[PDB]
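Just the one chain here, the form deposited in one PDB entry, laid out as structure tokens.
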């Protein structure tokens, strides 16, 4: 729990890697070592969440290198993960399959399972928070940010609702409290997008959009889902279940054939998935 009188004396900042509610991840360089880092800045129990995060050690989760305090400000220095955004790198691929998506999901699931074993809920499981570790083709994906406890706060909840409503669970939208299920939902949503390239929830009208999410009203639309195995759909349905109790846990999703068996198809779906990714996430 390092102390700093001025955070600008340790790090020079560039720009936002991904804002949150009470939090802003900015890229920074360590003034006296020149190391590029991701800095989760927060200003206002939660320091226990952050403590535990500092002890988080997993290949698929960004290492929280250390934490800086500046009187009224905490700066979570995360390992900078510069392989690219999940969807960006899916687009860049040539050969993209369910197996790739399954291997991507397995990594997020295993990472989220880890967080859940340690009783930490992500809360902010979104593709912008899922980055490749390296620019390499085979690279592991990293959960690169965290939703801190003060995301459960109703102000943050509605901010989450107003941001990209598609990645947030039905319960969270219902102003019902966060749970480990919330993450699994988001893995389901990520899974869904990994296999078609578009949000499962996509109405032009906000009200209808929330209605879709709250009621988990999504479909595996043709043509996009035609070459996607029923196994993959089954997997998503059990993650993308409106009832958080009915929703699969990380373990249950990790034990699912599309993740643990050989049911993820080897059919190249890149052309369609990237075609849809570009059409949604520019």
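Residue numbers count along the first chain shown, from 1. Between two forms, the rigid core is the largest collection of C-alphas that superpose within 1.5 Å. Residues that one form lacks are left out of the comparison.
Only in words, not in the display: the form deposited with a small molecule bound, which the text now covers.
**Student:** Looking at heavy atoms inside 4.5 Å, which stretch does the small molecule contact in the entry with it bound, given the options 254 to 262, 21 to 29, 6 to 14, 267 to 275?
**Tutor:** Looking at the partner contacts, the answer comes out as 21 to 29.
**Student:** So, residue 250 and the small molecule: in the entry with it bound, are they within 4.5 Å at any heavy atom pair?
**Tutor:** Result no; residue 250 lies far from the small molecule in the entry with it bound.
**Student:** Can any non-hydrogen atom of residue 186 be found within 4.5 angstroms of the small molecule in the entry with it bound?
**Tutor:** It does not: once the small molecule is placed as it appears in the entry with it bound, residue 186 has no heavy atom within 4.5 Å of it.
**Student:** Evaluate residue 131 for contact with the small molecule in the entry with it bound, applying a 4.5 angstroms cut-off between non-hydrogen atoms, and reply yes or no.
**Tutor:** Because a heavy atom of residue 131 falls inside 4.5 Å of the small molecule in the entry with it bound, the answer is yes.
**Student:** Answer yes if any heavy atom of residue 78 is within 4.5 Å of a heavy atom of the small molecule in the entry with it bound; otherwise answer no.
**Tutor:** Because a heavy atom of residue 78 falls inside 4.5 Å of the small molecule in the entry with it bound, the answer is yes.
**Student:** So which of 240, 232, 213, 62 reaches within 4.5 angstroms of the small molecule in the entry with it bound, heavy atom to heavy atom?
**Tutor:** Looking at the other structure, the residue within range turns out to be 62.
**Student:** Among the candidate residues 85, 110, 171, 100, which is the single one with a non-hydrogen atom no more than 4.5 Å from the small molecule in the entry with it bound?
**Tutor:** It is 85 that has a heavy atom within 4.5 Å of the partner.
**Student:** Among 93, 73, 99, 140, whose C-alpha is off by 2 Å or more between the shown form and the other one on a rigid-core fit?
**Tutor:** C-alpha shift of at least 2 Å: 73.
**Student:** Does residue 239 move its CA by 2 angstroms or more between the shown form and the other one when the core is aligned?
**Tutor:** No; residue 239 is a residue whose C-alpha shifts by less than 2 Å between the shown form and the other one when the cores are overlaid.
**Student:** Can a Cα shift of no less than 2 Å be assigned to residue 258 between the shown form and the other one, given superposition on the rigid core?
**Tutor:** Moves: no, less than 2 Å.
**Student:** Quick check on residue 34: with the core superposed, does its CA move 2 angstroms or more between the shown form and the other one?
**Tutor:** Result for residue 34: yes, a 2 Å-plus shift.
**Student:** If the CA atoms of residue 26 and residue 169 move by 3 Å or more in the entry with it bound, do they move toward each other or away, so closer or farther than here?
**Tutor:** Farther: residue 26 and residue 169 separate by 3 Å or more in the entry with it bound.
**Student:** If I superpose on the rigid core and flag every C-alpha moving 2 Å or more, which consecutive runs of 3+ residues come out between the shown form and the other one, in sequence order?
**Tutor:** Runs 1 to 44, 48 to 50, 67 to 78, 80 to 82 stand out as displaced between the shown form and the other one - each at least 3 residues long.
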